[PDB]
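Asker: One structure, pasted below without further comment.
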Amino acid sequence: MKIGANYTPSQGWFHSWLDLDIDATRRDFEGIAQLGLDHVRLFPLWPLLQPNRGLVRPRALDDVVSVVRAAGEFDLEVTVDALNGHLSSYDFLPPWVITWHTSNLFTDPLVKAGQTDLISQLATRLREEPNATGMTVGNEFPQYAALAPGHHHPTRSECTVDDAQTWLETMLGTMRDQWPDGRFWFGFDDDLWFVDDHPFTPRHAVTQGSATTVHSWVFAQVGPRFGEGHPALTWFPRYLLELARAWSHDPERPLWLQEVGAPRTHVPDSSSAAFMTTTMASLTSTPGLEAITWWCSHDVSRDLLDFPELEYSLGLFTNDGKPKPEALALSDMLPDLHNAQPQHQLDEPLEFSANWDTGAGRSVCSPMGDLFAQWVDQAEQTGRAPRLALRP
Amino acid sequence: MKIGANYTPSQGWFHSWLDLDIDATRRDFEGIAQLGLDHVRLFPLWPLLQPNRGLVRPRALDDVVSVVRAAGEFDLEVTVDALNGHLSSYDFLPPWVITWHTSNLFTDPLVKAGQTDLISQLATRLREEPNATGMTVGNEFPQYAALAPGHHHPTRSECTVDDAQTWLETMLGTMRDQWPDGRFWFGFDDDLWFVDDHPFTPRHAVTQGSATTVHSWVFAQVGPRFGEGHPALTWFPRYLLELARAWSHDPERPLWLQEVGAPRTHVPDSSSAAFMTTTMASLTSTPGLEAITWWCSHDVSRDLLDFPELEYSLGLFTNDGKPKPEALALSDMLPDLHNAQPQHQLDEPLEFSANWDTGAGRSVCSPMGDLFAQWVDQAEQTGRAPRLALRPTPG
């Protein structure tokens with residue numbers, strides 16, 4: 001199994017793209033490579049790549065490639081998220097899609113034409129770099145359709161289920177057309193798993209792109225319900241992956257745990273190492289799991305304001321570049337993770353019913369319901385991750 | 001009076017701040033100064049200056065100073081709009097003020113603290129350039145409070161009349177604290193003159209900052225009502241300036257026609273020279289008028305998409321730098337404009353009733369109303385710009 005990090009530049013965070021300092025980048029990647037990690041996930045900014053729909057900036061693309069080549073110096077494999085878009089509570093949107101220029105980020109024909117232009121130019125650059133493996137359409141881009149009572153986007157783009165599929169096929173198809181050897185994905189917060197009317201569905205997750213992705217974040221629901229120190233905190237990503245496996249009709253469908261982390265809302269600094277060890281140990285046996293990518297590489301500088309406070313301390317390194325206790329715990333897990341001892345599950349899968357075409361009824365799997373509490377209870381008592389099963 | 005241009009970079013428009021090519025900037029400013037123009041208005045981009053509330057980028061400030069000094073090489077006076085903010089239908093907003101981070105651009109205490117920080121660092125840099133004269137708060141920044149039926153901002157910030165005053169006093173106060181020798185202004189679209197419940201009022205306009213500013217655009221209302229070729233199109237800026245004079249209780253209050261232009265919705269290319277000369281002739285006698293600034297210096301490149309189409313052709317120059325017919329017409333008017341022969345107006349001012357404290361009733365002055373129609377009628381009949389007079393309503 002591959003083990004890597006979501007790259008959050010220590011100097012400048014993603015605002016570093018405006019004043020790119022490749023030697024500072026190299027010091028970040030040296031640290032990541034020193035831990036034993038083998039890949040990073042990169043996040044270029046949409047307003048810098050494409051400040052007007054007809055202006056895809058060549059120097060912005062040059063900057064992306066410089067960072068790709070810096071990672072290659074330290075033998076780090078790279079994937080790039082194309083449309084960011086959304087990062088750590090902030091939306092990076094070019095002026096031609098906001099306020100007076102509002103349209104629909106999933107169905108407006110000119111917006112889609114701009115998105116495919118940017119994605120095509122990115123893919124044409126990235127296919128030439130030997131350590132670049134592929135692209136994700138954008139970081140949790142489906143949140144621009146979020147409509148849940150506790151998480152609904154303030155300038156939401158209306159979108160049907162079929163609209164969502166057509167948008168994915170357009171973006172992923174453009175990547176494939178320009179970069180046939182690449183692998184391509186989309187990623188999303190867990191509204192896709194848990195919100196019945198969310199237009200991006202589990203069907204989309206297990207059928208579009210090269211692997212099913214999961215982002216696993218316990219601070220919104222799992223932590224509030226179950227609390228600090230509870231086992232559900234460390235079983236959550238395995239649960240999400242078993243849910244992804246339950247939804248798939250293909251036993252060969254690979255999985256990528258593209259985001260997982262330890263929010264200090266419910267995992268104190270002094271529990272972080274143990275959280276890293278317990279979480280990682282419960283993932284090694286996951287069938288089909290190709291990679292785990294930690295959020296994030298480096299603490300966000302406290303000189304940057306207005307983040308939700310949990311975002312600042314998600315790094316494996318402090319902002320000054322010092323490895324944190326969970327960083328060393330991760331290095332120790334790398335042999336077990338690389339080898340990934342399969343365990344063939346002979347359990348009785350916990351069943352749930354939910355609609356394939358529409359995603360209706362998927363809220364039965366929510367961390368607030370009985371099914372997840374029962375899953376965690378059985379995983380703790382047996383020590384073995386239960387399978388899940390979607391009634392046919 | 002002074003005559004200048006709102007600077008719209010030919011190579012890349014305002015997106016040129018990301019890839020600043022000072023030799024391209026020199027080429028634009030050379031054309032502007034060759035015409036006889038003596039100043040420019042500059043628009044730095046808020047997301048570039050302050051991508052995070054805690055990060056005012058010194059390299060972005062350096063780039064602003066570089067353009068100020070490039071204009072000094074052609075003896076061009078400079079003012080800088082601090083918070084942009086709004087430019088030609090586009091909003092340039094840092095991520096920390098939008099969507100999940102939405103607050104209030106006029107009343108949120110942390111937003112204001114961020115705004116004053118940026119304004120202070122800008123003022124501190126600009127006060128050391130000899131050709132920099134002052135700053136405007138931001139281009140038409142009150143449009144973030146717009147609430148009119150035909151013009152309401154889709155993510156508007158709720159704001160009272162007193163909120164508006166407090167915000168201006170905070171921003172303008174910061175500029176004066178850091179740059180005592182400077183002159184400072186705010187500018188606005190004509191909602192301030194014409195929309196009864198717009199929280200920025202004519203009272204604010206004639207009392208805050210160093211001079212009353214006017215932006216004069218005929219495409220939204222004057223053109224549609226009166227049509228191509230009508231005299232109302234060329235009288236409109238003088239009307240607005242006489243309205244500004246009427247609201248002011250101070251005869252010494254200066255005026256700045258900070259934006260005026262010739263939109264092709266109602267002024268064809270082949271009418272632009274005549275529009276320029278007629279408009280400018282009706283302005284030379286305006287009491288207190290210190291400067292006129294044309295929107296804009298250079299046509300927007302058609303390689304840039306999704307602009308309202310009228311925005312592309314507002315330049316004095318084509319995008320590749322050829323002077324347009326109105327540019328040469330303006331160059332001829334320059335002796336008459338520098339000399340600015342005053343005229344004592346001995347007329348009976350046309351009266352209107354509106355509220356000084358709240359701005360209520362100011363819509364009687366709208367280009368859709370009878371007052372503006374009679375003003376134009378009398379101006380055409382006599383050849384003299386009529387004065388206006390405010391009768392303050394009780395409350």
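Please note that chains go A, B, ... in the order of the structure tokens, that every chain numbers its residues from 1, and that ligands are numbered from 1 in the order shown.
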Segment 247-256 of chain A: which residues within 6 Å, counting only C-alpha atoms, same-chain residues fewer than 3 positions away excluded, as a list in words?
Answerer: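 Selected residues are residues 206, 211, 212, 213, 244, 288, 289, 290 and 291 of chain A.
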Asker: Please produce an output containing N, CA, C and O atoms for each residue in the selection, written as a tab-separated table (two decimals), in the first residue's frame.
Answerer:
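New file part21.tsv:
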chain	number	residue	atom	x	y	z
A	206	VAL	N	-18.33	4.83	-6.95
A	206	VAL	CA	-17.76	3.51	-7.22
A	206	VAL	C	-17.70	3.19	-8.71
A	206	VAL	O	-17.16	2.15	-9.08
A	211	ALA	N	-10.53	4.70	-9.15
A	211	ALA	CA	-10.69	4.08	-7.84
A	211	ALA	C	-11.71	4.88	-7.06
A	211	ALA	O	-11.88	6.08	-7.29
A	212	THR	N	-12.40	4.20	-6.16
A	212	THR	CA	-13.25	4.89	-5.20
A	212	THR	C	-12.39	5.61	-4.17
A	212	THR	O	-11.50	5.02	-3.56
A	213	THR	N	-12.66	6.89	-3.97
A	213	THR	CA	-11.98	7.67	-2.94
A	213	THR	C	-12.85	7.81	-1.70
A	213	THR	O	-14.08	7.71	-1.75
A	244	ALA	N	-17.81	1.88	0.94
A	244	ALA	CA	-17.44	1.96	-0.48
A	244	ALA	C	-17.43	0.58	-1.13
A	244	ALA	O	-17.89	0.41	-2.27
A	288	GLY	N	-8.43	-4.22	-1.50
A	288	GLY	CA	-8.44	-3.27	-2.58
A	288	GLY	C	-7.86	-1.90	-2.28
A	288	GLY	O	-7.84	-1.06	-3.19
A	289	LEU	N	-7.39	-1.65	-1.06
A	289	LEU	CA	-6.90	-0.32	-0.67
A	289	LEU	C	-5.49	-0.12	-1.21
A	289	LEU	O	-4.55	-0.76	-0.76
A	290	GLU	N	-5.35	0.82	-2.15
A	290	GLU	CA	-4.08	1.05	-2.84
A	290	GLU	C	-3.22	2.11	-2.18
A	290	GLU	O	-1.99	2.06	-2.31
A	291	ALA	N	-3.81	3.06	-1.46
A	291	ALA	CA	-3.05	4.18	-0.93
A	291	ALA	C	-3.80	4.81	0.22
A	291	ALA	O	-5.04	4.78	0.26
Asker: Hey, which bits of chain B sit within 10 Å of chain A, and for each residue what's the closest pair of atoms and how far apart in Å (one decimal), counting only C-alpha atoms, rows by chain and increasing number, as a Markdown table?
Answerer:
| residue | atom | partner | partner_atom | distance |
| --- | --- | --- | --- | --- |
| B:12 | CA | A:55 | CA | 8.5 |
| B:14 | CA | A:51 | CA | 9.8 |
| B:15 | CA | A:51 | CA | 6.8 |
| B:18 | CA | A:48 | CA | 8.1 |
| B:19 | CA | A:59 | CA | 8.1 |
| B:47 | CA | A:47 | CA | 9.5 |
| B:48 | CA | A:18 | CA | 8.1 |
| B:50 | CA | A:15 | CA | 9.8 |
| B:51 | CA | A:15 | CA | 6.8 |
| B:52 | CA | A:304 | CA | 6.3 |
| B:53 | CA | A:305 | CA | 6.0 |
| B:54 | CA | A:304 | CA | 5.1 |
| B:55 | CA | A:304 | CA | 6.6 |
| B:57 | CA | A:19 | CA | 8.9 |
| B:59 | CA | A:19 | CA | 7.9 |
| B:60 | CA | A:18 | CA | 9.3 |
| B:86 | CA | A:95 | CA | 9.9 |
| B:89 | CA | A:100 | CA | 6.5 |
| B:90 | CA | A:95 | CA | 5.8 |
| B:91 | CA | A:95 | CA | 5.8 |
| B:92 | CA | A:95 | CA | 6.0 |
| B:93 | CA | A:95 | CA | 7.9 |
| B:94 | CA | A:92 | CA | 8.2 |
| B:95 | CA | A:91 | CA | 5.8 |
| B:96 | CA | A:90 | CA | 6.8 |
| B:97 | CA | A:90 | CA | 9.3 |
| B:98 | CA | A:91 | CA | 7.5 |
| B:99 | CA | A:154 | CA | 5.6 |
| B:100 | CA | A:89 | CA | 6.5 |
| B:101 | CA | A:90 | CA | 7.2 |
| B:102 | CA | A:154 | CA | 8.7 |
| B:110 | CA | A:306 | CA | 9.1 |
| B:152 | CA | A:100 | CA | 9.8 |
| B:153 | CA | A:99 | CA | 7.5 |
| B:154 | CA | A:99 | CA | 5.7 |
| B:155 | CA | A:99 | CA | 6.5 |
| B:156 | CA | A:99 | CA | 9.3 |
| B:302 | CA | A:54 | CA | 9.1 |
| B:303 | CA | A:54 | CA | 6.1 |
| B:304 | CA | A:54 | CA | 5.2 |
| B:305 | CA | A:54 | CA | 5.6 |
| B:306 | CA | A:96 | CA | 7.2 |
| B:307 | CA | A:96 | CA | 8.8 |
Asker: Select, from A:46, A:7, A:295, A:29, the residue with the minimum atom-to-atom distance to residue 61 of chain A, counting only C-alpha atoms.
Answerer: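 Of A:46, A:7, A:295, A:29, the one nearest residue 61 of chain A, counting only C-alpha atoms, is A:46.
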Asker: Which residues are close to segment 27-38 of chain B, i.e. within 9 Å by only C-alpha atoms, leaving aside same-chain residues fewer than 4 positions away? Reply as a PyMOL selection string.
Answerer: chain B and resi 2-5+7+9-10+22-23+70-71+73-77+297-298+316-317+321-323+327-328+330-331+334
Asker: Go through A:188, A:373, A:358, A:9 and flag the residue nearest residue 203 of chain A, using only C-alpha atoms for the distances.
Answerer: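 Among the listed residues, A:358 lies closest to residue 203 of chain A.
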Asker: Excluding residue 367 of chain B and residues on its chain fewer than 5 positions from it, collect all residues at most 10 Å away from it, counting only C-alpha atoms, and give them as a ChimeraX atom specification.
Answerer: /B:194,218,220-223,225-226,232,236,239,372-373
Asker: Excluding same-chain residues fewer than 5 positions from residue 380 of chain A, what lies within 9 Å of it counting only C-alpha atoms, as number ranges by chain?
Answerer: A: 231-232, 235, 375, 385
Asker: Mind dumping the selected residues with N, CA and C atoms as a JSON list (two decimals), in the first residue's frame?
Answerer:
[["chain", "number", "residue", "atom", "x", "y", "z"],
["A", 231, "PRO", "N", -13.66, 4.44, 20.48],
["A", 231, "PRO", "CA", -13.15, 3.69, 19.32],
["A", 231, "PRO", "C", -13.71, 4.13, 17.97],
["A", 232, "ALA", "N", -14.93, 4.67, 17.92],
["A", 232, "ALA", "CA", -15.46, 5.11, 16.63],
["A", 232, "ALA", "C", -14.54, 6.12, 15.96],
["A", 235, "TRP", "N", -12.04, 3.88, 14.06],
["A", 235, "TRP", "CA", -12.66, 2.95, 13.13],
["A", 235, "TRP", "C", -13.35, 3.63, 11.95],
["A", 375, "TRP", "N", -21.84, -1.28, 13.82],
["A", 375, "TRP", "CA", -20.59, -1.63, 13.15],
["A", 375, "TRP", "C", -19.40, -1.46, 14.08],
["A", 385, "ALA", "N", -12.74, -5.79, 11.32],
["A", 385, "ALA", "CA", -13.65, -4.89, 10.63],
["A", 385, "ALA", "C", -14.81, -5.66, 10.01]]
Asker: Pick out the residues sitting within 9 Å of residue 112 of chain A, and hand them over as a list in words; count only C-alpha atoms, and ignore anything fewer than 6 positions along from it in its own chain.
Answerer: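 Returned residues: residues 105, 106, 167, 170 and 171 of chain A.
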Asker: Determine, counting only C-alpha atoms, which protein, DNA and RNA residues have an atom within 7 Å of an atom of segment 393-395 of chain B; residues of the same chain fewer than 4 positions away are not included. Present the result as a PyMOL selection string.
Answerer: chain B and resi 353-355
Asker: Which of these residues is nearest to residue 317 of chain A, using only C-alpha atoms: A:333, A:371, A:149, A:294?
Answerer: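 Using only C-alpha atoms, residue 317 of chain A sits closest to A:294.
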Asker: So, with only C-alpha atoms as the atoms that count, which of A:197, A:287, A:340, A:301 lies closest to residue 361 of chain A?
Answerer: A:197
Asker: Got a sec to tell me which of segment 58-96 of chain A DSSP assigns to alpha helix (DSSP H), as a list in words?
Answerer: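 Taking segment 58-96 of chain A and keeping alpha helix (DSSP H) only, one gets residues 58, 59, 60, 61, 62, 63, 64, 65, 66, 67, 68, 69, 70, 71, 72 and 73 of chain A.
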Asker: Keeping only C-alpha atoms, write the selected residues to a file as a PDB file, in the first residue's frame.
Answerer:
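And here's result-v1.pdb as it stands now:
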ATOM      1  CA  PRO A  58       1.189  29.686 -18.707  1.00  0.00           C
ATOM      2  CA  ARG A  59       3.297  30.930 -15.792  1.00  0.00           C
ATOM      3  CA  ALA A  60       0.766  29.436 -13.361  1.00  0.00           C
ATOM      4  CA  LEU A  61       1.088  26.075 -15.125  1.00  0.00           C
ATOM      5  CA  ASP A  62       4.883  26.494 -15.082  1.00  0.00           C
ATOM      6  CA  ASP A  63       4.652  26.936 -11.299  1.00  0.00           C
ATOM      7  CA  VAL A  64       2.661  23.696 -10.912  1.00  0.00           C
ATOM      8  CA  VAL A  65       5.309  21.848 -12.931  1.00  0.00           C
ATOM      9  CA  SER A  66       8.134  23.308 -10.819  1.00  0.00           C
ATOM     10  CA  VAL A  67       6.516  21.880  -7.694  1.00  0.00           C
ATOM     11  CA  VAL A  68       5.995  18.527  -9.455  1.00  0.00           C
ATOM     12  CA  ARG A  69       9.702  18.435 -10.344  1.00  0.00           C
ATOM     13  CA  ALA A  70      10.702  19.418  -6.807  1.00  0.00           C
ATOM     14  CA  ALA A  71       8.757  16.403  -5.512  1.00  0.00           C
ATOM     15  CA  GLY A  72      10.509  14.224  -8.072  1.00  0.00           C
ATOM     16  CA  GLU A  73      13.894  15.187  -6.594  1.00  0.00           C
TER      17      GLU A  73
END
Asker: Mind giving me the straight-line distance from atom CA of residue 208 of chain A to atom CA of residue 342 of chain A in Å, one decimal?
Answerer: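 Result for atom CA of residue 208 of chain A versus atom CA of residue 342 of chain A: 25.5 Å, one decimal.
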Asker: Looking only at the backbone, which of the residues in segment 99-285 of chain B does DSSP tag as strand (DSSP E or B), as an MDAnalysis selection string?
Answerer: chainID B and resid 132:136 147:148 151:152 183:185 212:216 255:260
Asker: So, counting only C-alpha atoms, which residue among B:233, B:61, B:171, B:24 is closest to residue 115 of chain B?
Answerer: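 Using only C-alpha atoms, residue 115 of chain B sits closest to B:171.
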Asker: Quick check, in Å to one decimal: how far apart do atom CA of residue 311 of chain B and atom CA of residue 88 of chain B lie?
Answerer: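 Atom CA of residue 311 of chain B sits 6.8 Å away from atom CA of residue 88 of chain B.
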